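Below is one structure, written out as structure tokens; the observations come after it.
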Amino acid sequence: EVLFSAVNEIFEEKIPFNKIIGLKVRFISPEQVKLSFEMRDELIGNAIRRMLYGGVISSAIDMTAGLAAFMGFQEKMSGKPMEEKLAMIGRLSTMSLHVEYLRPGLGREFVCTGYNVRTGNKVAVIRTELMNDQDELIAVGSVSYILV
Amino acid sequence: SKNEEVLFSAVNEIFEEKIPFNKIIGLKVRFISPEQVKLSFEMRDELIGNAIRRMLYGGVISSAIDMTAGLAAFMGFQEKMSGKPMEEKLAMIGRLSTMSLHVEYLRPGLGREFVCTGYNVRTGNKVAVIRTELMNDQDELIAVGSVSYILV
Amino acid sequence: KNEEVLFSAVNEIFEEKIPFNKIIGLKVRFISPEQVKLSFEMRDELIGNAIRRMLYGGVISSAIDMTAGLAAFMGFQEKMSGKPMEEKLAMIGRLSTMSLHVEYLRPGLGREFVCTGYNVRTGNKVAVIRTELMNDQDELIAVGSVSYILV
Amino acid sequence: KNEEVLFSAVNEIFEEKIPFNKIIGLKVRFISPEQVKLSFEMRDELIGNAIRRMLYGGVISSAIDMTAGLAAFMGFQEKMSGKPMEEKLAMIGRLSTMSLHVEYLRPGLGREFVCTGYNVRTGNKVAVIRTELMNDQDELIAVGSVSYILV
Amino acid sequence: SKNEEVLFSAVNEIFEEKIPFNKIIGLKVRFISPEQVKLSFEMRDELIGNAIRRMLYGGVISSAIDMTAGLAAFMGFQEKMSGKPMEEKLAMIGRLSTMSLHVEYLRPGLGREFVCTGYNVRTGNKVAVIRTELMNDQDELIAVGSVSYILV
Amino acid sequence: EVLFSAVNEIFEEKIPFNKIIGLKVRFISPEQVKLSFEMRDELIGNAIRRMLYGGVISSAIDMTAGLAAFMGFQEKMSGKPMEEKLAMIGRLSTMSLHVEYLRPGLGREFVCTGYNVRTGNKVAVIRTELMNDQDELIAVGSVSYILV
């Protein structure tokens, strides 16, 4: 209850990129997370549109994996209060980001699902799947998050 | 050279002025060549006190590496278009798409200005493999990247 | 019925349906949602060919990809709990390899060899399979990581 | 003589010698110490097979491995400057794949397709080749990283 | 359990006393199980003032990860040997050989005592894939490893 | 002249592992380096002999790659004195070490060749090949070195 409320504030309301790319937390659990993204500016007519979409997709994947890593690490913090769990999210840092693109993005809205593969002591490995409006897989990702 | 200045000027317009993300993350083209490019970036909002600051910088770093790699890919492919005019070279940049983006982070960026250098390892017929190094204000290596671009 | 008809439908497609059967034999030994096993047989030994080892590398990669494809199918059809067998068999046509990573240990250019496929994780769209390929004498000759998607 | 006899010797081994020729055709289009190009042709379309895309994944990986094997050969024979042609042709039998990494973009299940192999770096024992596989319409359908060793 | 103590005791002998490198890098078995192991290491000579100190620690870290992975591989394989005696389980450890060692370093170790935890991801018929995390005195992550072991 | 003398001191004489594994610099150049190693204790009869050889091979590869990285970085230090070049070797640190083993080590003496693939500003990527007495490739490696 308090976890979903705290996570929504941080991810939906407090990110200043919101003016250019919308973000909504659709699902959260210790094993799986789902974020939906909305391109407020679709970038039609830009000379490097495809290129710019590459960076947007990598950031979307990294963000989804960061929320998945948080849910994996907070699950292990069993008897800790909500303040210390919320403080831990600020220590999450990406160690490795591997993204393979299957086709061009070029869409208004896309969705990204993050599956927590294994959460060790310090490293949380997440596998991601990013699709468009039409339920078509456009990119897949392997992301490693650590506590710094 | 006459062709090198029209190439540099065309590229500067596309990357420095025409990108709409410039109002949140500034981008300047420091250097270009067929085998190496160099972009400098500036965080206009450093995101101090944001609960997921380190996380947001991960996405920023991955975008900067992808953009640097994209420009390096362009410089490799245009070199192979020897006898073609400048119009066809500029038109080709819209077909460049990322196939694979691998980024390894040594530490969290947490700096305002950072510079990224892209080295074109090999340019095949349809694939351009770029190796990148991203560093901060203080010339410290914060991330390295391997990026593959293709002509779609 | 539904357990038996799966095994029968899968065997017909992989064993009898494949046209390369004259060149390379293929038999489904074991199937399950998490694990699968295929046995192979070289009908032509290729004894005398100057690029024999080179041809075997392609045979091994194809065997690994086929075993992974069967393993991917078993992972995806497990998630289709409420669907009928006509839709499950139609889904096998949608399976396409996204990434094939094979590591070769020792050239095991033998008549018969077996490949086992382990379903590491099946997401919504991607199925990651780990494979082990061994020869007549049970010696590991190659390992593989294969990613399959529903196109 | 030595330039011409290399092309002729290589073509006989890859084009005429291979027994899979009835299933899949293979022609050597271009060869050099740094680059090679092979064109392929599906003799059987496989039109009607339920696991068509799955069979094509194996065909693509084999084509990539074969092209890389030819590219590896050209890299190693360049280093054998003072040796005769009998030793160079004997060396092709020692070529074995160590690692095969293939990434698939779009299913290009066409009749004809071409694969180009670039020799990235040839060390003392290891030859690393980068491959690009495209269809009739010049569209990139797969890329590959292949490592070959002299066994 | 009777079998768990004879397994732990047999392993402790092989890793803590029988390794001849123990006079330069100490090794102690902190924890063992079929899905996870934990080894602690001690640099007896820290190599202070050596011109290539950081470099030498790279090799030490790679060995520690490989050893931790080897023990985790053993614990995975012996679990599959359910009805076999303790003699055959111990004999199997001599057939374990590293197939692939991938190590990513976050910072240079430069500490006396460091701990490495090995997690057995999957144990197939002939291959054991282990994920490792190596940390220092201060519980800071200095390196991560992916190691594959096979029965030769 | 002075470079070969300085490198030999550091690698052959000043490494305390010398009592268990011998090391000799056979060749050095900006593009290629070669080290030969000697197992002073062959470890016959040890229960985890194969396992112990895995760690020795990874260290040998990492060391060869470190010397190759040094030769790549010092080449770029064109007009600098010998003292600053020698000081730079202390800043070399391994970032990534990838080793693939083709067969067991189990030999008295083995040789490792390091080829400098590309040396950028901060990263030096080295490809290694480790063989035994019989000229048989036993392991290959990809190693990344950085200046910290």
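Residue numbering restarts at 1 for every chain of the structure tokens, chains are lettered A, B, ... in their displayed order, and ligands are numbered from 1 as they appear.
Every protein or nucleic acid residue with an atom no more than 12 Å from residue 112 of chain B, counting only C-alpha atoms and leaving out same-chain residues fewer than 3 positions away, appears here: residues 24, 25, 26, 40, 41, 42, 43, 44, 45, 46, 47, 48, 57, 60, 61, 109, 115, 135, 136, 137 and 138 of chain B.
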Please dump the current selection as a PDB file, in the first residue's frame; keep N, CA and C atoms.
```pdb
ATOM      1  N   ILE B  24      16.973  20.100 -22.031  1.00  0.00           N
ATOM      2  CA  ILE B  24      17.217  19.328 -20.786  1.00  0.00           C
ATOM      3  C   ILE B  24      18.682  18.809 -20.690  1.00  0.00           C
ATOM      4  N   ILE B  25      19.250  18.336 -21.807  1.00  0.00           N
ATOM      5  CA  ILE B  25      20.661  17.899 -21.893  1.00  0.00           C
ATOM      6  C   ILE B  25      21.313  18.534 -23.127  1.00  0.00           C
ATOM      7  N   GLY B  26      22.196  19.510 -22.907  1.00  0.00           N
ATOM      8  CA  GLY B  26      22.916  20.178 -23.995  1.00  0.00           C
ATOM      9  C   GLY B  26      23.908  19.260 -24.681  1.00  0.00           C
ATOM     10  N   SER B  40      30.467  16.534 -26.412  1.00  0.00           N
ATOM     11  CA  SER B  40      30.445  17.004 -25.020  1.00  0.00           C
ATOM     12  C   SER B  40      28.985  17.273 -24.677  1.00  0.00           C
ATOM     13  N   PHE B  41      28.598  16.901 -23.459  1.00  0.00           N
ATOM     14  CA  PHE B  41      27.229  17.031 -22.973  1.00  0.00           C
ATOM     15  C   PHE B  41      27.185  17.886 -21.718  1.00  0.00           C
ATOM     16  N   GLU B  42      26.029  18.507 -21.467  1.00  0.00           N
ATOM     17  CA  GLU B  42      25.815  19.350 -20.285  1.00  0.00           C
ATOM     18  C   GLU B  42      24.432  19.104 -19.675  1.00  0.00           C
ATOM     19  N   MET B  43      24.409  18.683 -18.408  1.00  0.00           N
ATOM     20  CA  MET B  43      23.174  18.504 -17.645  1.00  0.00           C
ATOM     21  C   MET B  43      22.700  19.893 -17.233  1.00  0.00           C
ATOM     22  N   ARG B  44      21.579  20.353 -17.784  1.00  0.00           N
ATOM     23  CA  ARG B  44      21.029  21.680 -17.428  1.00  0.00           C
ATOM     24  C   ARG B  44      20.346  21.632 -16.063  1.00  0.00           C
ATOM     25  N   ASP B  45      19.680  20.511 -15.779  1.00  0.00           N
ATOM     26  CA  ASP B  45      19.107  20.213 -14.474  1.00  0.00           C
ATOM     27  C   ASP B  45      19.927  19.011 -13.987  1.00  0.00           C
ATOM     28  N   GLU B  46      20.807  19.251 -13.013  1.00  0.00           N
ATOM     29  CA  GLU B  46      21.652  18.193 -12.413  1.00  0.00           C
ATOM     30  C   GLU B  46      20.888  17.151 -11.566  1.00  0.00           C
ATOM     31  N   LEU B  47      19.625  17.437 -11.214  1.00  0.00           N
ATOM     32  CA  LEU B  47      18.734  16.534 -10.466  1.00  0.00           C
ATOM     33  C   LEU B  47      19.189  16.303  -9.012  1.00  0.00           C
ATOM     34  N   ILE B  48      19.663  17.368  -8.351  1.00  0.00           N
ATOM     35  CA  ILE B  48      20.133  17.289  -6.956  1.00  0.00           C
ATOM     36  C   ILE B  48      18.926  17.092  -6.041  1.00  0.00           C
ATOM     37  N   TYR B  57      20.742   9.167 -14.235  1.00  0.00           N
ATOM     38  CA  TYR B  57      22.042   9.339 -14.910  1.00  0.00           C
ATOM     39  C   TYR B  57      22.444   8.108 -15.752  1.00  0.00           C
ATOM     40  N   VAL B  60      20.726   8.678 -19.039  1.00  0.00           N
ATOM     41  CA  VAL B  60      21.408   9.808 -19.692  1.00  0.00           C
ATOM     42  C   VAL B  60      22.729   9.354 -20.325  1.00  0.00           C
ATOM     43  N   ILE B  61      23.537   8.613 -19.557  1.00  0.00           N
ATOM     44  CA  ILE B  61      24.827   8.064 -20.029  1.00  0.00           C
ATOM     45  C   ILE B  61      24.649   7.116 -21.227  1.00  0.00           C
ATOM     46  N   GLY B 109      27.851   8.719 -12.818  1.00  0.00           N
ATOM     47  CA  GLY B 109      28.277   9.995 -13.416  1.00  0.00           C
ATOM     48  C   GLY B 109      28.340  11.188 -12.491  1.00  0.00           C
ATOM     49  N   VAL B 115      32.038  14.298 -21.354  1.00  0.00           N
ATOM     50  CA  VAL B 115      32.498  14.173 -22.745  1.00  0.00           C
ATOM     51  C   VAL B 115      32.570  12.696 -23.125  1.00  0.00           C
ATOM     52  N   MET B 135      33.639  10.181 -20.226  1.00  0.00           N
ATOM     53  CA  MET B 135      34.312  10.757 -19.049  1.00  0.00           C
ATOM     54  C   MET B 135      33.633  12.041 -18.590  1.00  0.00           C
ATOM     55  N   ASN B 136      33.930  12.431 -17.348  1.00  0.00           N
ATOM     56  CA  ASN B 136      33.340  13.617 -16.691  1.00  0.00           C
ATOM     57  C   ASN B 136      34.208  14.889 -16.833  1.00  0.00           C
ATOM     58  N   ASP B 137      33.814  15.970 -16.138  1.00  0.00           N
ATOM     59  CA  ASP B 137      34.576  17.246 -16.039  1.00  0.00           C
ATOM     60  C   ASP B 137      36.067  17.059 -15.765  1.00  0.00           C
ATOM     61  N   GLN B 138      36.347  16.150 -14.832  1.00  0.00           N
ATOM     62  CA  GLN B 138      37.692  15.865 -14.310  1.00  0.00           C
ATOM     63  C   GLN B 138      38.534  14.843 -15.111  1.00  0.00           C
TER      64      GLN B 138
END
```
Give me, as a PyMOL selection string, the residues of chain F touching chain E, with the criterion being at most 8 Å (counting only C-alpha atoms). chain F and resi 10+14-15+17+20+46-52+54-56+58-60+62-63+66+87+89-102+104
Using only N, CA and C atoms, please write the residues we just selected to a file, as a compact mmCIF listing (two decimals), in the first residue's frame.
```
# COMPACT_ATOMS: atom_id res chain seq x y z
N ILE F 10 60.64 -5.01 -12.99
CA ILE F 10 59.29 -5.00 -12.41
C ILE F 10 58.58 -6.35 -12.52
N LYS F 14 60.92 -8.26 -9.26
CA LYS F 14 60.12 -7.65 -8.16
C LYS F 14 58.78 -8.30 -7.77
N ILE F 15 58.31 -9.31 -8.52
CA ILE F 15 57.05 -10.02 -8.19
C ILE F 15 57.33 -11.15 -7.18
N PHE F 17 55.49 -13.67 -6.25
CA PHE F 17 54.92 -14.97 -6.68
C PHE F 17 55.99 -15.90 -7.33
N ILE F 20 56.73 -19.62 -6.60
CA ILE F 20 55.77 -20.67 -7.03
C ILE F 20 55.55 -20.76 -8.56
N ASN F 46 47.21 -33.32 -6.23
CA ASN F 46 46.25 -32.41 -5.59
C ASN F 46 44.83 -32.73 -6.10
N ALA F 47 43.87 -32.76 -5.18
CA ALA F 47 42.46 -33.08 -5.49
C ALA F 47 41.75 -32.09 -6.41
N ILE F 48 42.20 -30.83 -6.45
CA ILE F 48 41.62 -29.78 -7.32
C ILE F 48 42.72 -29.16 -8.20
N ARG F 49 43.55 -30.02 -8.79
CA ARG F 49 44.67 -29.62 -9.65
C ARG F 49 44.17 -28.83 -10.87
N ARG F 50 43.20 -29.40 -11.59
CA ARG F 50 42.60 -28.74 -12.78
C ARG F 50 42.02 -27.37 -12.46
N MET F 51 41.36 -27.28 -11.30
CA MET F 51 40.74 -26.06 -10.81
C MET F 51 41.80 -24.99 -10.53
N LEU F 52 42.85 -25.36 -9.79
CA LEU F 52 43.98 -24.46 -9.46
C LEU F 52 44.69 -23.92 -10.71
N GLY F 54 43.22 -23.30 -13.52
CA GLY F 54 42.30 -22.30 -14.08
C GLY F 54 42.64 -20.89 -13.62
N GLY F 55 42.87 -20.75 -12.31
CA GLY F 55 43.27 -19.47 -11.71
C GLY F 55 44.65 -19.00 -12.14
N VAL F 56 45.60 -19.93 -12.27
CA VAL F 56 46.97 -19.62 -12.73
C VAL F 56 46.95 -19.08 -14.17
N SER F 58 44.31 -17.62 -15.76
CA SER F 58 43.64 -16.31 -15.76
C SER F 58 44.59 -15.19 -15.33
N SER F 59 45.40 -15.46 -14.30
CA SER F 59 46.42 -14.52 -13.80
C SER F 59 47.51 -14.28 -14.83
N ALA F 60 47.96 -15.35 -15.50
CA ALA F 60 48.97 -15.27 -16.56
C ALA F 60 48.48 -14.39 -17.71
N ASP F 62 45.94 -12.13 -17.57
CA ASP F 62 45.79 -10.77 -17.02
C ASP F 62 47.12 -10.01 -16.95
N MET F 63 48.19 -10.71 -16.55
CA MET F 63 49.54 -10.14 -16.48
C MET F 63 50.10 -9.78 -17.85
N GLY F 66 48.28 -6.82 -19.13
CA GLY F 66 48.73 -5.63 -18.41
C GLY F 66 50.02 -5.06 -18.98
N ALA F 87 55.93 5.58 -13.93
CA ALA F 87 54.88 5.91 -12.94
C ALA F 87 53.47 5.52 -13.42
N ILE F 89 52.51 2.86 -15.18
CA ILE F 89 52.25 1.41 -15.02
C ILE F 89 51.55 1.07 -13.68
N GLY F 90 51.83 1.86 -12.64
CA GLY F 90 51.17 1.74 -11.34
C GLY F 90 49.70 2.13 -11.32
N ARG F 91 49.26 2.91 -12.31
CA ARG F 91 47.85 3.30 -12.47
C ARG F 91 47.04 2.30 -13.31
N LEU F 92 47.70 1.36 -14.00
CA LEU F 92 47.01 0.33 -14.81
C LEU F 92 46.20 -0.62 -13.92
N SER F 93 44.91 -0.77 -14.25
CA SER F 93 43.98 -1.61 -13.51
C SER F 93 43.07 -2.36 -14.50
N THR F 94 42.82 -3.64 -14.24
CA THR F 94 41.97 -4.46 -15.10
C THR F 94 40.52 -4.05 -14.91
N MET F 95 39.81 -3.81 -16.01
CA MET F 95 38.38 -3.48 -15.99
C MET F 95 37.52 -4.70 -16.28
N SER F 96 37.92 -5.47 -17.29
CA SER F 96 37.19 -6.67 -17.72
C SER F 96 38.18 -7.76 -18.13
N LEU F 97 37.94 -9.00 -17.68
CA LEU F 97 38.77 -10.16 -18.01
C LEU F 97 37.85 -11.31 -18.44
N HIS F 98 37.93 -11.68 -19.72
CA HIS F 98 37.13 -12.76 -20.32
C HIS F 98 38.11 -13.83 -20.81
N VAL F 99 38.10 -15.02 -20.20
CA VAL F 99 38.96 -16.13 -20.60
C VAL F 99 38.12 -17.36 -20.95
N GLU F 100 38.37 -17.92 -22.14
CA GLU F 100 37.72 -19.14 -22.64
C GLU F 100 38.81 -20.23 -22.69
N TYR F 101 38.57 -21.36 -22.02
CA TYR F 101 39.51 -22.48 -21.94
C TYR F 101 39.16 -23.59 -22.95
N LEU F 102 40.13 -23.97 -23.78
CA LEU F 102 39.94 -24.99 -24.84
C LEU F 102 40.25 -26.40 -24.36
N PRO F 104 42.52 -28.71 -20.69
CA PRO F 104 43.22 -28.54 -19.40
C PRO F 104 44.69 -28.08 -19.55
```
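Running DSSP on the backbone and keeping only strand (DSSP E or B), the residues of segment 40-123 of chain C that qualify are residues 40, 41, 42, 95, 96, 97, 98, 99, 100, 101, 102, 103, 104, 112, 113, 114, 115, 116, 117, 118, 119, 120, 121 and 122 of chain C.
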Store the residues picked out above, limited to C-alpha atoms, as a JSON list (two decimals), in the first residue's frame.
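In the end it all went to selection37.json:
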```json
[["chain", "number", "residue", "atom", "x", "y", "z"],
["C", 40, "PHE", "CA", 21.10, -37.12, -34.04],
["C", 41, "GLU", "CA", 22.74, -39.40, -36.61],
["C", 42, "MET", "CA", 25.06, -38.48, -39.52],
["C", 95, "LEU", "CA", 9.04, -19.47, -33.29],
["C", 96, "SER", "CA", 12.13, -17.68, -34.68],
["C", 97, "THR", "CA", 15.72, -17.53, -33.35],
["C", 98, "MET", "CA", 16.84, -14.09, -32.12],
["C", 99, "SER", "CA", 20.33, -14.96, -30.81],
["C", 100, "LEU", "CA", 22.49, -18.13, -31.15],
["C", 101, "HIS", "CA", 25.73, -18.34, -29.11],
["C", 102, "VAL", "CA", 27.69, -21.63, -29.47],
["C", 103, "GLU", "CA", 31.04, -22.52, -27.82],
["C", 104, "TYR", "CA", 32.96, -25.56, -29.18],
["C", 112, "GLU", "CA", 25.74, -40.27, -33.44],
["C", 113, "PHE", "CA", 25.48, -37.36, -30.97],
["C", 114, "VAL", "CA", 22.83, -36.06, -28.48],
["C", 115, "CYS", "CA", 21.75, -32.52, -27.53],
["C", 116, "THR", "CA", 19.88, -31.57, -24.31],
["C", 117, "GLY", "CA", 18.04, -28.20, -23.98],
["C", 118, "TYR", "CA", 17.22, -26.53, -20.63],
["C", 119, "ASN", "CA", 14.59, -23.75, -20.54],
["C", 120, "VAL", "CA", 16.37, -21.12, -18.37],
["C", 121, "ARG", "CA", 13.51, -18.56, -18.40],
["C", 122, "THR", "CA", 10.42, -17.93, -20.58]]
```
How many Å separate atom CA of residue 137 of chain D from atom CA of residue 110 of chain D?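 Atom CA of residue 137 of chain D sits 9.5 Å away from atom CA of residue 110 of chain D.
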I need the contact residues of chain E against chain C, so if you could list those with any atom within 8 Å, counting only C-alpha atoms, and return them as a PyMOL selection string, that would help. chain E and resi 124-127+152
Generate the output file for the selected residues, C-alpha atoms, as a PDB file, in the first residue's frame.
```pdb
ATOM      1  CA  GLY E 124      22.894 -29.071 -16.173  1.00  0.00           C
ATOM      2  CA  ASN E 125      24.147 -32.574 -16.975  1.00  0.00           C
ATOM      3  CA  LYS E 126      27.768 -31.585 -17.762  1.00  0.00           C
ATOM      4  CA  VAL E 127      27.852 -27.755 -17.207  1.00  0.00           C
ATOM      5  CA  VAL E 152      36.227 -33.325 -17.959  1.00  0.00           C
TER       6      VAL E 152
END
```
If you run DSSP on this backbone, which residues of chain E come out as helix (DSSP H, G or I), and could you give them as number ranges by chain? E: 2-17, 20-23, 53-80, 86-95
Closest to chain C among D:26, D:5, D:36, D:90, using only C-alpha atoms?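 Of all the options, D:90 lies closest to chain C.
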Write out as a PyMOL selection string every residue belonging to chain F that has an atom at most 8 Å from any atom of chain D, counting only C-alpha atoms. chain F and resi 115+129+137
Residues of chain D no more than 9 Å from chain C, counting only C-alpha atoms: send them over as a PDB file with C-alpha atoms, in the first residue's frame.
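So selection.pdb came out as:
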```
ATOM      1  CA  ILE D  13      36.225 -27.766 -52.035  1.00  0.00           C
ATOM      2  CA  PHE D  14      33.340 -25.353 -51.214  1.00  0.00           C
ATOM      3  CA  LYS D  17      32.930 -31.148 -53.043  1.00  0.00           C
ATOM      4  CA  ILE D  18      30.187 -30.403 -50.414  1.00  0.00           C
ATOM      5  CA  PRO D  19      27.475 -33.185 -50.370  1.00  0.00           C
ATOM      6  CA  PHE D  20      24.669 -30.872 -49.059  1.00  0.00           C
ATOM      7  CA  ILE D  23      19.768 -29.313 -50.416  1.00  0.00           C
ATOM      8  CA  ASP D  44      14.090 -26.894 -51.491  1.00  0.00           C
ATOM      9  CA  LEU D  46      10.456 -25.901 -47.377  1.00  0.00           C
ATOM     10  CA  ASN D  49       6.805 -27.230 -43.083  1.00  0.00           C
ATOM     11  CA  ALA D  50       5.449 -26.226 -39.635  1.00  0.00           C
ATOM     12  CA  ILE D  51       8.962 -25.327 -38.287  1.00  0.00           C
ATOM     13  CA  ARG D  52      10.172 -23.436 -41.394  1.00  0.00           C
ATOM     14  CA  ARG D  53      11.619 -20.369 -39.543  1.00  0.00           C
ATOM     15  CA  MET D  54      13.354 -22.740 -37.089  1.00  0.00           C
ATOM     16  CA  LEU D  55      15.056 -24.683 -39.954  1.00  0.00           C
ATOM     17  CA  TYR D  56      16.170 -21.348 -41.551  1.00  0.00           C
ATOM     18  CA  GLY D  57      17.926 -20.358 -38.280  1.00  0.00           C
ATOM     19  CA  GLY D  58      20.173 -23.436 -38.631  1.00  0.00           C
ATOM     20  CA  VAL D  59      20.775 -22.739 -42.362  1.00  0.00           C
ATOM     21  CA  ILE D  60      21.783 -19.118 -41.567  1.00  0.00           C
ATOM     22  CA  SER D  61      24.181 -20.199 -38.752  1.00  0.00           C
ATOM     23  CA  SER D  62      25.789 -22.818 -41.074  1.00  0.00           C
ATOM     24  CA  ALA D  63      26.157 -20.233 -43.895  1.00  0.00           C
ATOM     25  CA  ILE D  64      27.787 -17.775 -41.450  1.00  0.00           C
ATOM     26  CA  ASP D  65      30.144 -20.506 -40.117  1.00  0.00           C
ATOM     27  CA  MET D  66      31.118 -21.602 -43.682  1.00  0.00           C
ATOM     28  CA  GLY D  69      35.772 -20.647 -42.275  1.00  0.00           C
ATOM     29  CA  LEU D  89      45.516 -26.689 -48.851  1.00  0.00           C
ATOM     30  CA  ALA D  90      46.489 -29.175 -46.077  1.00  0.00           C
ATOM     31  CA  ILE D  92      42.248 -25.917 -44.459  1.00  0.00           C
ATOM     32  CA  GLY D  93      41.626 -29.371 -42.881  1.00  0.00           C
ATOM     33  CA  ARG D  94      42.913 -28.024 -39.512  1.00  0.00           C
ATOM     34  CA  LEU D  95      40.303 -25.199 -39.340  1.00  0.00           C
ATOM     35  CA  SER D  96      37.714 -25.712 -36.561  1.00  0.00           C
ATOM     36  CA  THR D  97      35.139 -23.280 -35.095  1.00  0.00           C
ATOM     37  CA  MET D  98      35.781 -22.248 -31.472  1.00  0.00           C
ATOM     38  CA  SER D  99      32.938 -19.732 -30.985  1.00  0.00           C
ATOM     39  CA  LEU D 100      29.876 -18.866 -33.155  1.00  0.00           C
ATOM     40  CA  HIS D 101      27.740 -15.843 -32.137  1.00  0.00           C
ATOM     41  CA  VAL D 102      24.803 -15.052 -34.488  1.00  0.00           C
ATOM     42  CA  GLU D 103      22.196 -12.252 -34.072  1.00  0.00           C
ATOM     43  CA  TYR D 104      19.010 -12.439 -36.214  1.00  0.00           C
ATOM     44  CA  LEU D 105      17.188  -9.242 -37.330  1.00  0.00           C
ATOM     45  CA  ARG D 106      14.253 -10.189 -39.594  1.00  0.00           C
ATOM     46  CA  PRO D 107      13.191 -13.611 -40.983  1.00  0.00           C
ATOM     47  CA  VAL D 151      43.461 -27.723 -34.488  1.00  0.00           C
TER      48      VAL D 151
END
```
